[PDB]
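Understanding the architecture of this molecule
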Amino acid sequence: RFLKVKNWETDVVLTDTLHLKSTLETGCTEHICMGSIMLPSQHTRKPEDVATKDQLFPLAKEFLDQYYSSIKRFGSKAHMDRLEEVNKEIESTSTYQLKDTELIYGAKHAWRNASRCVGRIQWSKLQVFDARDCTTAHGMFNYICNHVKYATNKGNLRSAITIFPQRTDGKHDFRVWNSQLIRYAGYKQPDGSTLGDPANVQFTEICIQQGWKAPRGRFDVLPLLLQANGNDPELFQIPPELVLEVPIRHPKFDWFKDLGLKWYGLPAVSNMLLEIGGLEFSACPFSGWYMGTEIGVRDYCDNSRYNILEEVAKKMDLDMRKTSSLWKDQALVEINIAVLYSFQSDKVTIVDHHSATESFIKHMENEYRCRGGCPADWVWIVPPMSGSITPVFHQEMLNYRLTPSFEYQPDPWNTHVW
Ligand code: HEM
Ligand SMILES: CNCc1cc(-c2cc(C)cc(N)n2)cc(C(F)(F)F)c1
Ligand SMILES: C[C@H](O)[C@H](O)[C@H]1CNc2nc(N)[nH]c(=O)c2N1
Ligand SMILES: [Zn+2]
């Protein structure tokens, strides 16, 4: 009931007691482990799972008890009256509203509890933008531009989240239909192949079906498609001066510029759902900075993404006949050297997978010491390249689900009553 986790590189043992406070389920049973299912049935919030008023107060109490425990005023009159006040408000409204202080605590701890995030060492330095007074898609557009400009900070990137009004009935739902705020377009070709980013080919067409005029090229920054209070979503173009991009060059290979690759500086997930004290925030774009491998390995070299191992090994002139020449591996390392070098020489914040995984072990030690545990998903924490030469490969990690949390949710174009 007080489980142990070992680092087999260092023989370090940590003791997890935090998992006891866990409430959500994981998908695994005593007889089957689901730790490699990408979007487990549990990790999703459908708009039908509107917690009724009966369900709402325990969730509200539980969250309020840890918040007041966090500010060392647990059990005081202030806690008791806030407990009573929200109880009364859930009676009256069948929902309730978070204080600004409770919203910042909730948001920071959803990040803190994100077992799949390797960058959590920074969880307490997060800038919370309260957009719960927003009412229109134009207002959403304005909040989001302000978020991008703030978080980008001229390349000195700053973590942030913008929180739009919470779900109520489920049919009046604020949603950012983009999966990230800044993404490159993807166009299918007349010959079947794909221009830009194959991930977004359906989303790119949805923007055109709603009227987007596509420059039909590679790295075309998509428009924001914003839905407000359940209304049909409307297209907006982020001012280009607000979208900071890094041209990718290599510190040895001068032919690397002619590849003509670039990437945006700001990773800003926009499709997920923030859950706090039983309330569901369907639109909550949050941004940080990139770990290099996200761009260099997954974005650039996933078979179904930009898939550039081909041309890079070509220009490196590699033994591309044999599978066992590791030409793929060889081109992958050079590509990721280039991503880091470009961002750093341009003063845009980026972290390499070695520094990031070291910081997460260090972060893990802090959580087990001053919190009693740290939920962690090894399948996601280990970087997609050079796994065992980073310290997180050798670290045992207990995965469990704590609230407040970030959840996945259906893409809005499958649930929307147009
Ligand atoms: C500050 C710098 C940050 C870095 C370097 C970072 C890094 C990462 C990486 C590498 C992943 C794996 C995703 C993938 O490989 O496709 C991830 C996932 C994730 N990040 Fe972080 N992140 C940062 C900040 C944040 C912030 C500010 C939030 C929210 C406020 C956040 C929440 C999440 C969540 C919720 C997931 C995974 C969702 C899931 O499937 O469970 N991260 N992050
Ligand atoms: C390969 N990058 C795609 C991807 C990136 C990120 C992400 C998010 C943040 C705030 C920072 C960062 N550095 N990355 C999060 C996800 C997801 F969807 F898992 F949450 C996916
Ligand atoms: C099948 C598997 O669950 C899926 O490929 C996961 C594995 N681990 C991952 N880890 C990270 N960081 N990001 C991912 O997209 C994935 N994908
Ligand atoms: Zn399991």
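Residues numbered from 1 in each chain as written, not as in the entry; some residues may be left out. Chains lettered and ligands numbered in written order. Heavy atoms only, no water.

For this deposited structure, the header cites X-ray crystallography as the method used and 1.790 Å as the resolution.

Going through the model one piece at a time under the given rule, you end up with 22 aromatic pairs. A ring pair is formed by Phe129 and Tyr150, whose centres lie 5.2 Å apart and whose planes are at 85 degrees; its orientation type is edge-to-face. Placement of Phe129 in strand β3 (residues 127-130) and of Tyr150 in helix α4 (residues 137-152) is noted, with a sequence separation of 21 residues between them. You can call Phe129 partly exposed: its relative accessible area is 23%. (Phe/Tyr/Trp six-rings, centres within 6.5 Å; stacked < 30°, edge-to-face > 60°. Helix = DSSP H or I, 4+ residues; strand = E, 2+ residues; numbered from the N terminus. Buried < 20%, exposed > 50% of the residue type's maximum accessible area, 1.4 Å probe, protein only.)

Burial of strand β13 (residues 273-276) is two-sided: the residues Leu273 and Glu275 facing one way and the residues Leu274 and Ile276 facing the other way are all buried. Of the pairings in the sheet, the one linking β13 to strand β18 (residues 405-407) comprises three bridges and is antiparallel in character. Within β18, the position partnered with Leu274 by the bridge is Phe406. In this structure, β13 lies alongside strand β14 (residues 279-281), joined through three bridges in antiparallel fashion. Bridging across to β14, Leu274 finds its partner in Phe281. As consecutive antiparallel partners, β13 and β14 are separated by two residues, and within that stretch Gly277 has a phi angle of approximately 50 degrees, a positive value. (Pairing = 2+ DSSP bridges.)

Moving on, we come to the coordination of the zinc ion (ligand 4). Metal coordination angles have textbook ideals: 109.5 degrees for a tetrahedral set of four donors and 90 or 180 degrees for an octahedral set of six. Protein coordination at the zinc ion (ligand 4): the donors are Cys28 (SG) and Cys33 (SG), at 2.3 to 2.4 Å from the metal. Classification of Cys33 as exposed rests on a relative accessible area of 67%. (Donors = N, O, S within 2.8 Å, 3.2 Å for Na, K, Ca; no water.)

Bringing α4 into the picture now. Helix length check: α4, at 16 residues, gives a terminal C-alpha distance of 22 Å against a target of 22 Å (1.5 Å per residue), a fit within 8%. All buried positions along α4 are accounted for by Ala137, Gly139, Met140, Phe141, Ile144, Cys145, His147, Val148, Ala151 and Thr152. On its buried side, α4 packs onto β3, β4 (160-163), β5 (175-176), β8 (224-227), β9 (234-236) and β15 (286-287). Positive backbone phi, at 50 degrees, marks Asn153, one or two positions downstream of α4. (Expected span 1.5 Å × (residues − 1). Contact = heavy atoms within 4.5 Å.)

Moving on: empty space enclosed by the protein. The probe, sized like a water molecule, is rolled over the atoms to show the empty space still left. Counted according to the given criterion, the structure contains one cavity of 30 Å³ or more. Put simply, the largest cavity is a space of about 40 Å³. Every residue along the wall of the largest cavity is listed here: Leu59, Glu62, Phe63, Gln66, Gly277, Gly278, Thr403 and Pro404. Its residues assigned to classes, the lining of the largest cavity shows three nonpolar, four polar and one charged. (1 Å grid on protein atoms, 1.4 Å probe; cavity = no way out; pocket = protein on both sides within 12 Å on 5 of 7 lines; lining within 4 Å. Points joined across faces, edges and corners; volume = space filled by probe spheres on them. Nonpolar A, V, L, I, M, F, W, Y, C, P; charged D, E, K, R; others polar.)

A word on the site of ligand 2. Taken together, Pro267, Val269, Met272, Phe286, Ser287, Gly288, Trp289, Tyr290, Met291, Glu294, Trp380 and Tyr408 make up all the residues around ligand 2. Measuring from a nitrogen atom of ligand 2, one finds a side-chain N or O atom of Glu294 at 2.6 Å. In the complex, 72% of the free accessible area of ligand 2, which totals 490 Å², lies under the protein chains. If you list the elements that add at least two residues to the shell around ligand 2, you get β15 and β16 (290-291). Taken together, the residues that form the shell around ligand 2 break down as nine nonpolar, two polar and one charged. Shared between two domains, the shell around ligand 2 holds at least three residues of each, these being domain 1 (16-132 + 159-169 + 273-287 + 357-381) and domain 3 (245-267 + 290-355). (Near = heavy atom within 4 Å. Polar contact = N/O pair within 3.5 Å; in protein donor to acceptor, adjacent residues only side chain to side chain. Areas by Shrake-Rupley, 256 points an atom, 1.4 Å probe, with all protein chains shown as cover. Domains from an automatic or database assignment.)

For the rest of this paragraph, the subject is the site of ligand 1. Taken together, 17 residues form the shell around ligand 1, and within it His43, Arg116, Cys117, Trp289 and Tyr408 come nearest. Within the contact set of ligand 1, a nitrogen atom lies 3.4 Å away from a side-chain nitrogen or oxygen of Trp111. Of the residues belonging to the shell around ligand 1, the class tally is 11 nonpolar, four polar and two charged.

Attention now goes to the sheet that holds β5. The pairing of strands in a sheet happens through backbone hydrogen bonds and is either parallel or antiparallel. The strand order across the open sheet built from three strands is β5-β8-β9, with neighbouring strands paired in antiparallel fashion. Either end of the sheet is taken by a strand with one partner, and the two such strands are β5 and β9. The pairing of β8 with β9 spans three bridges and is antiparallel. From the neighbouring strand, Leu225 faces β9, where its bridge partner is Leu235. Where α4 meets the sheet, its contacts fall on β5, β8 and β9, and the angle it forms with β8 comes to roughly 130 degrees. (Axes fitted to C-alpha atoms, helices over the stretch in contact; angles between N-to-C directions.)

On to the sheet that holds β14, then. Taken in spatial order, the three strands line up as β14-β13-β18 in an open sheet, and their pairing is antiparallel. Lying at the two open borders of the sheet, with one neighbouring strand each, are β14 and β18. Neighbour-to-neighbour, the strand axes of this sheet turn through a mean angle of 30 degrees, independent of strand direction. Contacting β13, β14 and β18, helix α3 (residues 100-112) crosses the sheet at an angle of about 120 degrees to β13.

Let us now look at the nonpolar core. Judged by nonpolar contacts, the single largest core of 57 residues is most densely connected at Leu226 and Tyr300. Those elements that provide at least two residues to this core are α4, β8, β11 (262-264), α6 (292-301), α7 (309-315) and α8 (327-345). With eight residues, α8 is the single largest residue contributor to this core. When residues no more than four places from it in sequence are discounted, the contact partners of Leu226 are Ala137, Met140, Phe141, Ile144, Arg175, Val176, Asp232, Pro233, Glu234 and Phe236. Formed by 28 residues, the second largest nonpolar core is a distinct cluster that contains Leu56, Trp123, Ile276 and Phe281. (Core = buried A, V, L, I, M, F, W, Y, C linked by side-chain atoms within 4.5 Å.)

With that settled, consider the layout of surface pockets. Empty space within the second largest pocket amounts to approximately 490 Å³. Surrounding the second largest pocket, 15 residues form its lining, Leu18, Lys21, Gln66, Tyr105 and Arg371 being those nearest its centre. For the lining of the second largest pocket, the elements supplying multiple residues, two or more each, are α1 (53-70) and α3. Considering every element that reaches the lining of the second largest pocket, the biggest residue donor is α1, with five residues. Among the residues forming the lining of the second largest pocket, the class breakdown is four nonpolar, six polar and five charged.

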